[PDB]
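>>> here come the first chain(s), positioned as in the complex:
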Amino acid sequence: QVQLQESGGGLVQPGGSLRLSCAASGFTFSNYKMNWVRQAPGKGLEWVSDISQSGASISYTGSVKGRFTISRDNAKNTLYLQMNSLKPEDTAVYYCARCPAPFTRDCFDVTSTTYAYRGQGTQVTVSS
Amino acid sequence: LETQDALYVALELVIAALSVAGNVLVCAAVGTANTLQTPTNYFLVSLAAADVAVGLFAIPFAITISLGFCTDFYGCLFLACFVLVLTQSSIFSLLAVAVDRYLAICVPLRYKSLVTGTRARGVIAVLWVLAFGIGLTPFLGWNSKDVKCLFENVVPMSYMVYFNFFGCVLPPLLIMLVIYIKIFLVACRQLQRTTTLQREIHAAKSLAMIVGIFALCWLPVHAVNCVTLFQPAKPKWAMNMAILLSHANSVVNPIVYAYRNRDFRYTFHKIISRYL
């Protein structure tokens, strides 16, 4: 069964560093493209970064370009997102998103409200 | 038999055989592939059938005329008119292919509205009956009745120069020339809006591979007829090599038209992968 379990999160001080990990089970993680989304209180979902199967193509949005980094290990079926230079408005609950089709580059419903191949997310609070 | 005319007849025979082998292939490809059952390939299969008829009927009739036999005047006039009908049908179908390409390139929106199956079949039938009526004009009222079976003895050069060349060869040649010039201009304009000179030169070569070959094939014999009627002045083999170049058009048509397209190559790859 497709299962994505994320770890870490909680509350972190602004300007520091944090790491969010995600473990996948029930499929071949090495064949699907991954994306990261975030939901703010009273806001919609927000894509922040993506990563291909073998990491050949990596992209981020303009809001977190450079400050955030993403990596993946197919030998362990794990996804990692390192977060730095955190701002008080960048607080949101972060979710993972899997490509609906294997080894493709068209991720349509990764930011959809009721996507199935996504985790339940971790709460990430940032404040002084 | 003379060694020169014998070699000419042998070359005509091998040209006819190669033309048949190349054109029945395209015919069967269009017949067995549902993806090729499109109105743009109707003119191509018409050209293939015309080349098949030329290789199977026109070239043997020209060879029989070349043998210099003594038969009925009508017996040789019928073969000459059949050869003329088949060549004019091939030329008309090639012109129809050029017109279809022009309509597809310059009129891309209305193309699907203009070129349909019924209209394509109607145009094919019209050009076929037109070539039949044109080639049979010596049979009706343009025969050289003054008898050894020879083209000049049954068809005068006046019909071949005024009605055939100046009437049924130069207008289609000019139409194809303007069509392909406009196609090249459109391709260059689209490439400028999208190493670009390399692609322009490639497109120019691909478009010239039709016009220059049509010229090198047909223009020799017509120019020979013109310099034979306007100012009669090595006729031992120049006429024969002109006939060879003119008949090589039927065998070179599949390699330039069909064997270069995308859908035809895909169908060929599929049928050779299924049989391998």
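Thanks, I have it. Numbering: from 1, shown residues only, chains lettered A, B, ... in the order given.

>>> and the helix or strand where residue B:103 lies, what's buried?
In the assignment (DSSP states H and E), residue B:103 maps to helix B:73-106. The neighbour-count check on helix B:73-106 (16 or more other C-beta atoms under 10 Å in any protein chain shown) flags B:73, B:76-103, B:105 as buried. Backbone N, C-alpha and C define where each C-beta goes, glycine included.

>>> does the nearest residue to residue A:63 once chain neighbours are set aside belong to a helix, a strand or coil?
Take residue A:63 and drop its neighbours on the chain: the residue closest to it by C-beta to C-beta, 6 or more residues apart in numbering or on different chains is residue A:48, 7.2 Å away. Using DSSP: H, G, I helix; E, B strand; the rest coil, the structure places residue A:48 in strand.

>>> can you pull the contacts of residue A:48?
A:36, A:37, A:38, A:60, A:61, A:63, A:64, A:68, A:94 (C-beta atoms under 8 Å, 6 or more residues apart in numbering or on different chains).

>>> all the helices of the stretch 151-276 of chain B, residue numbers only.
With helices called from DSSP state H, counting those that start in this stretch, the stretch 151-276 of chain B shows them at B:151-154, B:157-158, B:166-168, B:170-192, B:196-229, B:238-253, B:262-275.

>>> any chance of the ones you listed in CSV, plus mean neighbour count and distance to residue B:62?
As requested, the helices of the stretch 151-276 of chain B are exported to CSV (neighbours: other C-beta atoms under 10 Å in any protein chain shown; distance: least, C-beta to C-beta, whole Å):
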stretch, mean neighbour count, distance to residue B:62
helix B:151-154, 20, 8
helix B:157-158, 16, 16
helix B:166-168, 15, 18
helix B:170-192, 15, 22
helix B:196-229, 15, 11
helix B:238-253, 20, 7
helix B:262-275, 12, 29
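
>>> which of the ones you listed sits closest to residue A:78?
helix B:262-275 (41.8 Å; C-beta to C-beta).

>>> excluding residues flanking it in the chain, which one is nearest residue B:180?
Using C-beta to C-beta, 6+ apart, the closest residue to residue B:180 is residue B:207 (5.0 Å).

>>> actually residue B:62, sorry about that
Nearest in space to residue B:62, with sequence neighbours left out and distances taken as C-beta to C-beta, 6+ apart, is residue B:83 at 5.7 Å.

>>> ditto for residue B:51
In space, residue B:51 is closest to residue B:250, 3.8 Å off (C-beta to C-beta, 6+ apart).

>>> tell me the contacts of the one you found?
Residue B:250 touches B:15, B:19, B:23, B:50, B:51, B:54, B:55, B:90, counting by C-beta under 8 Å, 6+ apart.

>>> returning to what we had before: so the residue nearest to residue B:180 is in contact with residue B:182, correct?
No: if you go by C-beta atoms under 8 Å, residue B:207 and residue B:182 don't touch, sitting 10.4 Å apart.

>>> let's bring in chain C now:
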Amino acid sequence: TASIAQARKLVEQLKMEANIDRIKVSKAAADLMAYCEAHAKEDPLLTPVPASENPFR
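Adding chain C to what we have so far:
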């Protein structure tokens, strides 16, 4: 604020998938092989019918 309902709904469905008698996989294997062996003769795809019986030819 409504997930507390939906989530609980899900978990209820789970126990309605729990109260079920599950047979062995070998039992299902034997049943499937028997059903395939019984109707094997009545399969035109598995056993191509002759031209006389085939309505397509």
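
>>> if we can go back for a sec, quick one: the helix holding residue B:103 to helix B:170-192, angle?
Between helix B:73-106 and helix B:170-192, the angle comes out at 20 degrees (axes from the mean of the first three to the mean of the last three C-alpha atoms, to 10 degrees).

>>> residue B:37 contacts residue B:30, doesn't it?
Yes: in this structure, residue B:37 is within contact of residue B:30 by C-beta under 8 Å, at 7.1 Å.

>>> who has more neighbours, those two?
Ranked by neighbour count (other C-beta atoms under 10 Å in any protein chain shown), residue B:37 and residue B:30 place residue B:30 first, with 21 against 13.

>>> so after the helix or strand where that one lies, what's the next helix or strand?
Following DSSP H and E, one finds residue B:30 within helix B:3-32. Sequence-wise, the next helix or strand downstream of helix B:3-32 (DSSP H and E) is helix B:40-53.

>>> ok so, going back, name the helices or strands packed onto the helix holding residue B:30?
Where contact means 3 or more C-beta pairs under 8 Å, 6 or more residues apart in numbering or on different chains; DSSP states H and E, helix B:3-32 is packed against helix B:40-53, helix B:59-66, helix B:238-253, helix B:262-275.

>>> how far away is the closest residue to residue B:17 other than its chain neighbours from residue B:22?
Distances taken as C-beta to C-beta, 6+ apart place residue B:55 nearest to residue B:17, at 7.1 Å, with adjacent residues excluded. As defined by C-beta to C-beta, to the nearest Å, residue B:55 lies at a distance of 9 Å from residue B:22.

>>> what do these two both touch?
With C-beta under 8 Å, 6+ apart as the test, residue B:55 and residue B:22 both reach residue B:251.

>>> and these two? Which one has more around it.
Using other C-beta under 10 Å, the more surrounded residue of residue B:55 and residue B:22 is residue B:55, with 26 against 22.

>>> show me the contacts for the more buried one.
B:15, B:16, B:17, B:19, B:20, B:23, B:250, B:251.

>>> from those, which is closest to residue B:274?
Closest approach between those and residue B:274, by C-beta to C-beta: residue B:23, at 21.8 Å.

>>> contacts only, for the closest one.
By C-beta under 8 Å, 6+ apart, residue B:23 lies in contact with B:48, B:49, B:51, B:52, B:55, B:250, B:253, B:254.

>>> the first one contacts residue B:255, correct?
No: using C-beta under 8 Å, residue B:48 is not in contact with residue B:255, being 12.0 Å away.

>>> these two: which has the busier surroundings?
residue B:48 (29 against 12).

>>> if we can go back for a sec, which stretch among the helices and strands packed on helix B:3-32 comes nearest residue B:110?
Nearest to residue B:110 among the helices and strands packed on helix B:3-32 is helix B:40-53 (14.3 Å), distances taken as C-beta to C-beta.

>>> mind adding chain D? sequence follows:
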Amino acid sequence: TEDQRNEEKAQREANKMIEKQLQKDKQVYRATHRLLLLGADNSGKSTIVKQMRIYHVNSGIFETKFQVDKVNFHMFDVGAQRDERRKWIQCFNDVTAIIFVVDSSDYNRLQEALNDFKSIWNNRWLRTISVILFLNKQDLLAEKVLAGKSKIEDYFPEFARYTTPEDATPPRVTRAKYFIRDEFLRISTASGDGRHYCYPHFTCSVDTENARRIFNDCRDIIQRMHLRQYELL
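One more piece, chain D, placed on the ones above:
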């Protein structure tokens, strides 16, 4: 056994009538060019065409039929559907062109539009279908950049180092407009084996030239397709 040949010939006559009806419908099928229309709620895709001849509202699809230069166009807008659109979009792999309307005024929702354009462009089945870009609501974006209250640098830092291209044919207004244009183009040019291209066009909500723009873009699309078919492009 006359009843069998009678029913068979009646079936053949019915098939003849059905074939005649299908051949008659093929003319009106080939005469109209099917077009897809997409865009978020903020985009003005509902009123993107001003030369609309008929605008019908079906149960879940908005149909717009309009004729330009004796060429028909039948655009479809699928709005009465859920957020998940990765399945039914494959139904639109045979349209002539796709018009993705983007509200260039808003900056926060611009990333969502960019992601949607990237997903539509990199589709496996929509690779042979081009996407026409129409940046609607230029007046709001112009007033926003002239007011200076909301800066694009908060959402796109590259605009700090980006400058207007040399081939711009109209300063901060044009700079931001061409920045959005190039940001969409670099995503469009990121994939595709020359089989499809994007046609960016800056239009307003009050601009009536959208019909001619769509006509010319579709003409160029089909022309390039025919050129690639003949190895001419």
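
>>> since we added chain D, can you redo the nearest residue to residue A:63?
residue D:155 (6.1 Å).

>>> surely that neighbour and residue D:107 touch.
Yes: look at residue D:155 against residue D:107 with C-beta under 8 Å: they come within range, at 4.5 Å.

>>> stretch D:161-178 and chain B, are they touching?
No: if you take C-beta under 8 Å from any C-beta of the partner chain as the test, stretch D:161-178 misses chain B, and the best it gets is 11.8 Å.

>>> straight-line length of that stretch, end to end?
Taking C-alpha to C-alpha, to the nearest Å, the first and last residues of stretch D:161-178 lie 13 Å apart.

>>> now stretch A:93-103
Its start and end residues considered, stretch A:93-103 measures 27 Å (C-alpha to C-alpha).

>>> does it come close to chain D?
Yes: counting by C-beta under 8 Å from any C-beta, chain D is contacted by stretch A:93-103 at A:100, A:101.

>>> contacts for that stretch, please.
Residues outside stretch A:93-103 that contact it (C-beta under 8 Å, 6+ apart): A:2, A:4, A:6, A:9, A:20, A:22, A:24, A:27-28, A:31-39, A:45, A:48, A:53, A:79, A:81, A:107-111, A:115, A:117-124, D:86, D:124.

>>> which of these count as buried?
Members of those classed as buried by 16+ other C-beta under 10 Å are A:4, A:6, A:9, A:20, A:22, A:24, A:27, A:32-39, A:45, A:48, A:53, A:79, A:81, A:107-111, A:115, A:117-119, A:121-122, A:124, D:86.

>>> confirm that residue A:72 sits in a strand.
Yes: Residue A:72: assigned to a strand according to three-state DSSP.

>>> and it, what does it touch?
Going by C-beta under 8 Å, 6+ apart, the list of residues near residue A:72 reads A:29, A:34, A:51, A:55, A:78, A:79, A:80.

>>> contacts with chain B among those residues, please.
Contacts with chain B are made by none of the contacts of residue A:72, judged by C-beta under 8 Å from any C-beta.

>>> in space, not sequence, find me the middle residue of the chain.
Just going to use chain A. Centroid-nearest residue in chain A: residue A:36, 2.6 Å away (criterion: C-alpha atoms, centre = their mean).

>>> I was thinking of chain D, sorry if that wasn't clear
residue D:99 (1.6 Å).

>>> what about whichever residue of chain A sits closest to chain B, how many residues close to it?
Going by C-beta to the nearest C-beta, chain B is nearest to residue A:105 of chain A, at 22.6 Å. Residues near residue A:105, counting by other C-beta under 10 Å, number 19.

>>> these two touch, right, it and residue A:33?
Yes: under the contact definition of C-beta under 8 Å, residue A:105 touches residue A:33, with a separation of 6.8 Å.

>>> residue A:22 should be in a strand, yeah?
Yes: assigned with three-state DSSP, residue A:22 falls within a strand.
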